[PDB]
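Asker: pasting an experimental structure, sequence included:
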Number of protein chains: 2
Amino acid sequence: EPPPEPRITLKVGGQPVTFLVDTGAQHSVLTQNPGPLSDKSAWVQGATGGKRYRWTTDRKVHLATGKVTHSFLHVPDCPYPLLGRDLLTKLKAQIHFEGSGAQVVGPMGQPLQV
Amino acid sequence: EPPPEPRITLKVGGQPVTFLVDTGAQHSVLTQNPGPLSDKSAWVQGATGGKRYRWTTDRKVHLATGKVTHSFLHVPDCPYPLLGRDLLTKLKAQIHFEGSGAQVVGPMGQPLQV
Ligand SMILES: CC(C)CN(C[C@@H](O)[C@H](Cc1ccccc1)NC(=O)O[C@H]1CCOC1)S(=O)(=O)c1ccc(N)cc1
């Protein structure tokens, strides 16, 4: 069920979501229970092929850097939710590989977990 | 055309490869003219579906610490090579978004002395 490290939990529309922190993902992804969906869609290129997916409606996302509004792709084919570059750029996150795992820290150097 | 940031160029098999640095990738990936392939394969579970891809035979990769022997998945459905968690752990790498764009550095903050 839970993603491998680097992972981070964020309050997304008043619910916790544990994301795989995914620097290779252009946009962020919800997989199950995405909440209300919008009418609009996008083509998603994955490693093994491409498919059309729907955008969620807007969600409040409680980033350590301050709350923002964000829409996610609803990708039920995807193994777990993905925190991609669209939100990492807002969070201004640092990702540190150390030991056999990885930890996320904020733009002030504050740990975002552990 | 380079991959988006965060990206890094490493010598593989003696020649430079520019990777998208990808914390969402369990294993590192090459995509074009990969050289000799093993008889072995892995199931790759992508955002949009899954299927199997071949492992390469061993490659010399020049990291910061010097040479490592590493096997890559050959995934021609991927638009660019991916440097995954396997090698990010070996490199003890840090990824920073707080700068403009995204940058990748070593265990002590040096853009990789690779
Ligand atoms: C889906 C995650 C869980 C795993 N993938 C890594 C991801 O970062 C993946 C990398 C990628 C970039 C550009 C085009 C195609 C693929 N980006 C991705 O699909 O972007 C989508 C999701 C939303 O935004 C768009 S993987 O490529 O399937 C993968 C799986 C196993 C190995 N060993 C290596 C790679």
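Answerer: Cool, got the structure. Numbers count the residues shown, from 1 in each chain, chains lettered A, B, ... in the order given.
Asker: and the nearest residue to residue A:58 once chain neighbours are set aside, what helix or strand is that in?
Answerer: Excluding its sequence neighbours, the residue lying closest to residue A:58 (CB to CB, 6 or more residues apart in numbering or on different chains) is residue A:69, at 4.9 Å. Yep, even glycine has a C-beta here, placed from its N, CA and C like the rest. Using DSSP states H and E, the element containing residue A:69 is strand A:66-70.
Asker: partners of the very next helix or strand once past that strand, with directions?
Answerer: Later in the chain than strand A:66-70, the nearest helix or strand by DSSP H and E is strand A:73-74. Sheet pairing for strand A:73-74, assigned by DSSP bridges, gives strand A:29-30 (parallel), strand A:50-56 (antiparallel).
Asker: and the residue nearest to residue A:58, what does it touch?
Answerer: Neighbour list for residue A:69: A:58, A:59, A:60, A:61 [criterion: CB atoms under 8 Å, 6 or more residues apart in numbering or on different chains].
Asker: part of a helix, is residue A:78?
Answerer: No: when classified by DSSP: H, G, I helix; E, B strand; the rest coil, residue A:78 is found to be coil rather than part of a helix.
Asker: quick check: it vs the ligand, distance?
Answerer: According to CB to the nearest ligand atom, to the nearest Å, residue A:78 stands 6 Å off from the ligand.
Asker: what does residue A:10 give?
Answerer: From residue A:10 to the ligand the distance is 16 Å (CB to the nearest ligand atom).
Asker: try residue A:109
Answerer: 25 Å.
Asker: how much space separates that residue from residue B:109?
Answerer: 11 Å (CB to CB, to the nearest Å).
Asker: same question, residue A:28
Answerer: 27 Å.
Asker: please identify which of these two sits among more neighbours.
Answerer: Using other CB atoms under 10 Å in any protein chain shown, the more surrounded residue of residue A:28 and residue B:109 is residue A:28, with 26 against 8.
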